[PDB]
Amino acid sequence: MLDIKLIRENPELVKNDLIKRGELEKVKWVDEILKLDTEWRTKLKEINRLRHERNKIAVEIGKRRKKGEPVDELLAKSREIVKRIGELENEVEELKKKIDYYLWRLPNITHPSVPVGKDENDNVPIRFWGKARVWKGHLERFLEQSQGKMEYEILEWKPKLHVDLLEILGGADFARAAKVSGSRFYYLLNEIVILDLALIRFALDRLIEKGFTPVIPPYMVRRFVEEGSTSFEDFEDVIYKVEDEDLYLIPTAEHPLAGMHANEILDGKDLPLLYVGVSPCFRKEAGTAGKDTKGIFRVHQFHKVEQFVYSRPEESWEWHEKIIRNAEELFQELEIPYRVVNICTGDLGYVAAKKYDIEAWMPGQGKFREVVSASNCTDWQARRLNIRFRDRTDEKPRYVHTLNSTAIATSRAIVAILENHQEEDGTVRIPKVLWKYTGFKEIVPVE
């Protein structure tokens, strides 16, 4: 939700951002909310004018009670003021309603640092890490995507896709999942199940060492926490609703983590509130149904360890910068080469002001693929969920800033590990850092 103040004190700023975002069909809204806001304040001034008249007509009726007192008329004028006052009041409500409708449907204003672009092809790489294992046949793509700024080793044999590796490793059963639930669902098996849990504990442990309170949130939440966390389009594209209830399956622990303090005035001495949640995630992935990667890259359910932050507006950008580094550390320990990107205006999304993604190099796919997202949400969620804070019981509570970032979404971490640590025969070596969690050091093909 946008602050009405901001559109009043700089409509051109919001219109131009809408254009940098590709939300042109919504530029015409800035003026609409303005003329509505204007009408809103005009009627209110009218109401006070009337409240004042009510007072005058009052002292006047009584002033006659001592005199001739032909009041009758004054009493009828009095009757019209209340009649009128009520109307204006109800007219002012409807007006606030139309104004907020737009306010809730406008994306967060982007930060000056986010590059301008049309889509994912305009995202800007800003950092690279690791030594990529590239197939001779992906060399140009790799080089263009890495901008020659990343170390790499050329591979003789052709590296396999994660889906095929799950098969040779006996780690999944897709066909029986399709029979039981439909496409893009799966049964995960054997060592891959241990690997999934291991990834959760590892992520969990590290964020805990950095001071994050671990949490297992509700997996089903009430509609308001969903509309308080993202744009309404998500109800059609990503979010599942459960029949006959005000319950929605969460698409990320982020949402229940943000609703956690809905309608609170936090005590500033506590900020920043640091949460690291674990939870399964459910998404419709409606926009797609059969794009390309056929295993566990883009499915209906996956596990994710999530970082969530409540900070002072003056501390958020610094936090943003820390959470993305927190995710970067995990993948470095997991020995996964990657590049982090600054997402452009057109591929940014409604909630964030600025967003960084970690796209891991996927030897088999021959490309960098999103594996984590870190967003600084400014006060966009706070203004919706009414999450404020006060430093002195004195007064004036202000909205907090919220941030979120993937620590590890196991689904894609597993693909990154299978594709990046595979050997010619299919054997997949597991990063030393996880040995304490898994037991085994590698996963060998079955026969």
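For every residue, the number given is its place in the sequence shown, counted from 1.
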Segment of higher mean CA temperature factor, 283-291 or 326-334 | 283-291
As the entry reports it, the stretch among 129-137 and 73-81 with higher mean C-alpha B factor is 73-81
Go through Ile417, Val400, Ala407, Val59 one by one and give the residue whose Cα B-factor in the PDB entry is largest.
-> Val59
Compared with the other modelled residues in the chain, in which third is the CA B-factor of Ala413?
-> lowest
If you rank every modelled residue in this chain by C-alpha B factor, which third holds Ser113: lowest, middle or highest?
-> highest
Select lowest, middle or highest to describe the third in which the CA B-factor of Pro313 falls within its chain in this entry.
-> highest
Lowest, middle or highest third: where is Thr427 by Cα B-factor in its chain?
-> lowest
Temperature factor at the Cα of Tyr275, chain-ranked in thirds, falls in the middle
